[PDB]
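Novice: My questions will all concern the structure given below.
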Amino acid sequence: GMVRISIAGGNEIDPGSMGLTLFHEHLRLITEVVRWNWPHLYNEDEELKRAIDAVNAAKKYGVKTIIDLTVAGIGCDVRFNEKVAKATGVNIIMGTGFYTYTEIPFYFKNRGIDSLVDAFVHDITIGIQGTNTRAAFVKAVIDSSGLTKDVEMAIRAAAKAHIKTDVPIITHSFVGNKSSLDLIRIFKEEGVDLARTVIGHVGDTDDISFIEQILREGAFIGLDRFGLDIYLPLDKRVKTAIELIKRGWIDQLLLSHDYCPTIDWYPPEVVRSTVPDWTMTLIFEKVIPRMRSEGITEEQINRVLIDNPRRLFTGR
Amino acid sequence: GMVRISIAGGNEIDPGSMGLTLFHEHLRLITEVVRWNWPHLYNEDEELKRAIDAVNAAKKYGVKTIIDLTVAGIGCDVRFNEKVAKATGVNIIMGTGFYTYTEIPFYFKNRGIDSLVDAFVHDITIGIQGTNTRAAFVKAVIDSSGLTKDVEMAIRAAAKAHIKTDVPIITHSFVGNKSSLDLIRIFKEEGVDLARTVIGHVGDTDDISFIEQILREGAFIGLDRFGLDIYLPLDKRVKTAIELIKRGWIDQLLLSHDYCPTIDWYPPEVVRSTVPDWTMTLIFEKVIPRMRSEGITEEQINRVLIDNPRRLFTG
Ligand SMILES: CCCCCCCCCCCCCC(=O)O
Ligand SMILES: CCCCCCCCCCCCCC(=O)O
Ligand SMILES: [Co+2]
Ligand SMILES: [Co+2]
Ligand SMILES: [Co+2]
Ligand SMILES: [Co+2]
């Protein structure tokens with residue numbers, strides 16, 4: 001009767017039971033080819049401990065549900081997420097897609113777009129990685145390389161999988177080249193209702209004119225990297241969030257941290273040194289209190305953190 | 001007192017016991033990110049049967065040793081190769097390297113070349129994938145995209161790992177853009193003895209003067225894709241191999257098929273339709289009999305299929 005959302009560990013929830021949700025986080029971000037070939041560079045016990053400690057920190061602030069935006073290309077592992085879910089009791093929602101900024105595998109290029117659609121559709125309708133945990137969203141990615149041929153093919157495939165299954169599309173974009181607008185254009189060509197999409201990493205700018213260009217199209221926007229000052233400082237992100245509420249856009253806003261308890265792209269020392277304030281709790285510690293002090297209401301914070309993630313999954 | 005070569009399944013051999021060797025083959029060629037995320041697209045039992053069947057086929061012609069050129073990027077799996085080795089009794093030599101034509105992972109780019117060197121050195125000195133099977137060679141790869149910055153880094157890392165460990169370098173190149181010559185240039189910059197290297201896929205051309213430009217540098221050349229007519233037809237490959245022995249180059253020639261019993265880049269029906277003669281035995285069925293017919297001797301075939309693979313590993 002309702003949408004059914006698989007969560008890690010074998011169960012399903014309805015959108016109404018998501019509760020307070022962090023819509024864009026990670027449990028472990030790692031690179032399949034490196035981990036497959038060089039296991040010596042990794043420590044699964046420490047990775048799991050870090051994920052568990054971060055999710056438990058969020059749970060203390062009343063987070064009920066975390067959407068793990070880790071998909072193929074950045075190391076999605078259902079079985080690892082099952083262990084975090086068992087340990088913390090937080091609902092972990094997973095998805096499908098192919099994360100790349102430039103190229104896709106020969107496997108798919110040599111078979112054509114439908115082979116990639118079909119793999120996503122498999123995950124959504126049957127289950128991820130031989131499990132009964134189905135993908136509840138599809139991801140599309142674009143970054144500072146722009147719309148390469150292969151990047152365009154993967155965005156189109158995500159769009160086509162959404163058309164077949166009706167799961168929402170959660171995206172990653174790069175604000176510096178206006179690549180967010182390419183997602184919009186392709187999604188419209190493919191017939192996607194933009195209200196079932198999130199334009200990711202829009203919080204990495206404070207350019208209101210650019211942000212409202214996206215918002216006027218009807219998509220959700222991801223104010224989704226709070227704590228990554230290297231993309232945009234915290235004070236600018238909070239000022240932007242507050243201004244967009246004051247201009248009437250609350251129903252389109254989604255907040256998160258994009259936190260990676262492990263990320264293999266960089267040594268852990270370098271992450272600590274560069275973005276020491278990045279955690280999975282900074283929204284609760286710093287952002288919400290500042291918004292409340294500037295007149296944002298309790299019920300407006302609930303609309304953003306509860307209603308908006310729920311409606312991404314249900315529609316109107 | 002001799003070089004020690006690990007082989008799949010825990011043991012070590014010396015170069016003198018390699019015997020008749022196929023120096024560039026594959027047992028399973030698969031894409032890590034795809035197999036990790038989409039296991040439904042694969043069938044390990046079928047992959048294993050195909051690898052066993054091909055290796056057994058070669059074993060019937062007296063092959064004793066196969067060098068698996070599958071490294072990171074094309075799905076190297078020591079445990080898989082252990083199964084094949086146990087079933088067939090053929091010695092399987094493995095290596096290390098990073099197979100790419102364009103990019104390498106952020107993991108390494110963000111840490112610097114020495115991180116990639118160190119990973120290769122780990123495989124050579126400790127072992128691959130948590131096993132006591134050590135990499136006995138290092139691979140460097142360039143193709144139709146030419147010398148990208150990341151390709152350059154991986155070629156240089158291969159060279160630096162060779163300088164530290166003395167294992168041979170076995171390469172992949174692409175003949176249409178003369179990328180083979182970028183390998184040589186970089187290896188010379190890094191101080192590599194080219195006699196300890198193989199310039200791969202040189203058999204994809206019949207341009208004898210180009211092939212000789214590479215030969216005069218002192219490296220081994222890989223006449224290594226017999227049966228891949230899409231790269232060069234069989235008759236042209238065999239004519240080239242005969243001519244190069246007649247000209248005096250035998251000590252630098254290596255023959256193989258590059259055969260992939262499974263390859264996930266293309267559906268199997270497409271492979272069968274396009275290269276229906278590609279197998280791990282075509283050299284024995286078609287190539288050697290034509291060479292013998294044209295005056296190449298029994299001993300010359302042994303020098304190429306036994307002595308040259310051995311000398312790659314001993315100097
Ligand atoms: C030199 C900068 C080092 C620290 C940078 C932290 C990295 C932020 C990674 C952004 C999120 C990972 C990828 C993704 O989730 O799309
Ligand atoms: C248009 C269809 C072409 C199908 C032909 C099969 C091609 C296989 C060649 C790849 C060789 C493996 C990669 C490598 O070993 O470097
Ligand atoms: Co992202
Ligand atoms: Co993310
Ligand atoms: Co090759
Ligand atoms: Co090969």
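Scheme for the structure tokens: letters A, B, ... for chains in order shown; per-chain residue numbers from 1; ligand numbers from 1 in order shown.
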Can you pull out every residue within 12 Å of residue B:209, counting only C-alpha atoms, but drop anything in the same chain fewer than 3 positions away, and send it as an mmCIF file with N, CA and C atoms, in the first residue's frame?

Specialist:
data_model
loop_
_atom_site.group_PDB
_atom_site.id
_atom_site.type_symbol
_atom_site.label_atom_id
_atom_site.label_comp_id
_atom_site.auth_asym_id
_atom_site.auth_seq_id
_atom_site.Cartn_x
_atom_site.Cartn_y
_atom_site.Cartn_z
ATOM 1 N N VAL B 202 54.075 -5.967 -29.987
ATOM 2 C CA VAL B 202 54.803 -5.622 -31.166
ATOM 3 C C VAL B 202 54.384 -6.505 -32.356
ATOM 4 N N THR B 205 51.951 -5.465 -35.505
ATOM 5 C CA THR B 205 52.354 -4.873 -36.784
ATOM 6 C C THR B 205 53.261 -5.808 -37.603
ATOM 7 N N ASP B 206 53.211 -5.639 -38.918
ATOM 8 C CA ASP B 206 54.184 -6.268 -39.797
ATOM 9 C C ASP B 206 55.186 -5.302 -40.402
ATOM 10 N N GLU B 212 62.281 -3.308 -35.890
ATOM 11 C CA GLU B 212 63.745 -3.244 -35.726
ATOM 12 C C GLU B 212 64.202 -2.045 -34.987
ATOM 13 N N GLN B 213 63.473 -0.929 -35.042
ATOM 14 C CA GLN B 213 63.824 0.236 -34.204
ATOM 15 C C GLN B 213 63.778 -0.127 -32.738
ATOM 16 N N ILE B 214 62.787 -0.942 -32.370
ATOM 17 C CA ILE B 214 62.677 -1.450 -31.004
ATOM 18 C C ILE B 214 63.750 -2.502 -30.687
ATOM 19 N N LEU B 215 63.950 -3.441 -31.612
ATOM 20 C CA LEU B 215 64.951 -4.473 -31.426
ATOM 21 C C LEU B 215 66.331 -3.922 -31.243
ATOM 22 N N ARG B 216 66.692 -2.885 -31.993
ATOM 23 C CA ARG B 216 68.050 -2.346 -31.836
ATOM 24 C C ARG B 216 68.298 -1.737 -30.488
ATOM 25 N N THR B 240 55.996 -12.426 -40.302
ATOM 26 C CA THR B 240 56.876 -11.524 -39.564
ATOM 27 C C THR B 240 57.819 -12.312 -38.640
ATOM 28 N N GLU B 243 60.543 -14.082 -40.682
ATOM 29 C CA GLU B 243 61.482 -13.070 -41.230
ATOM 30 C C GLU B 243 62.445 -12.583 -40.130
ATOM 31 N N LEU B 244 61.928 -12.336 -38.904
ATOM 32 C CA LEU B 244 62.770 -11.798 -37.894
ATOM 33 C C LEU B 244 63.811 -12.865 -37.455
ATOM 34 N N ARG B 247 66.515 -12.912 -40.097
ATOM 35 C CA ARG B 247 67.359 -11.763 -40.035
ATOM 36 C C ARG B 247 68.332 -11.771 -38.878
#

Novice: Within 9 Å of chain A, which residues belong to chain B? Use only C-alpha atoms and report them as a VMD selection string.

Specialist: chain B and resid 30 to 34 36 to 41 71 to 77 103 105 to 111 119 122 to 123 128 to 130 264 to 267

Novice: Please provide as JSON, numbers by chain all residues within 9 Å of residue B:89, with the sequence filter that same-chain residues fewer than 6 positions apart are discarded (counting only C-alpha atoms).

Specialist: {"B": [56, 59, 64]}

Novice: Go ahead and write the residues just picked, C-alpha atoms, as a JSON list (two decimals), in the first residue's frame.

Specialist:
[["chain", "number", "residue", "atom", "x", "y", "z"],
["B", 56, "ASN", "CA", 44.93, -28.34, -20.08],
["B", 59, "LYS", "CA", 49.55, -28.80, -21.45],
["B", 64, "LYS", "CA", 55.03, -26.54, -18.58]]

Novice: Going by DSSP on the backbone, which residues of stretch 198-290 of chain A come out as strand (DSSP E or B)? List them as a ChimeraX atom specification.

Specialist: /A:198-199,220-223,253-255,263

Novice: For ligand 3, which residue out of A:70, A:177, A:11, A:56 is the nearest one, using only C-alpha atoms and all ligand atoms?

Specialist: A:70

Novice: Compute the set of protein, DNA and RNA residues whose minimum atom distance to ligand 2 is at most 9 Å, using only C-alpha atoms and all ligand atoms, and state it as JSON, numbers by chain.

Specialist: {"A": [110], "B": [24, 25, 26, 29, 69, 70, 74, 99, 141, 172, 173, 201, 225, 228, 229, 230, 231, 258, 259, 260, 263, 265, 266, 267, 268, 270, 271, 272, 273, 274, 275, 278]}

Novice: Which neighbours of residue A:249 fall inside 10 Å, counting only C-alpha atoms, when residues of the same chain fewer than 3 positions from it are skipped, and could you give them as an MDAnalysis selection string?

Specialist: chainID A and resid 212 215:216 218 220:221 241 243:246 252:253

Novice: For residue A:305, please output as a PDB file with C-alpha atoms, in the first residue's frame all residues within 8 Å (counting only C-alpha atoms; exclusion window: fewer than 2 positions along the same chain).

Specialist:
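Ended up saving to selection-v6.pdb:
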ATOM      1  CA  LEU A  20      14.984  12.291  11.461  1.00  0.00           C
ATOM      2  CA  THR A  21      17.219  11.432   8.464  1.00  0.00           C
ATOM      3  CA  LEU A  22      20.706  12.352   7.241  1.00  0.00           C
ATOM      4  CA  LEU A 254      18.060  18.848   2.228  1.00  0.00           C
ATOM      5  CA  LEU A 255      20.905  19.003   4.788  1.00  0.00           C
ATOM      6  CA  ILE A 301      13.941  22.301  11.142  1.00  0.00           C
ATOM      7  CA  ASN A 302      11.589  19.268  11.266  1.00  0.00           C
ATOM      8  CA  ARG A 303      10.253  19.998   7.848  1.00  0.00           C
ATOM      9  CA  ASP A 307       9.480  15.736   5.922  1.00  0.00           C
ATOM     10  CA  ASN A 308      11.789  16.512   3.009  1.00  0.00           C
ATOM     11  CA  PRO A 309      13.709  13.226   3.037  1.00  0.00           C
TER      12      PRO A 309
END

Novice: Record the distance separating atom CA of residue A:52 and atom CA of residue A:89, expressed in Å with one decimal.

Specialist: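 It comes out at 10.2 Å.
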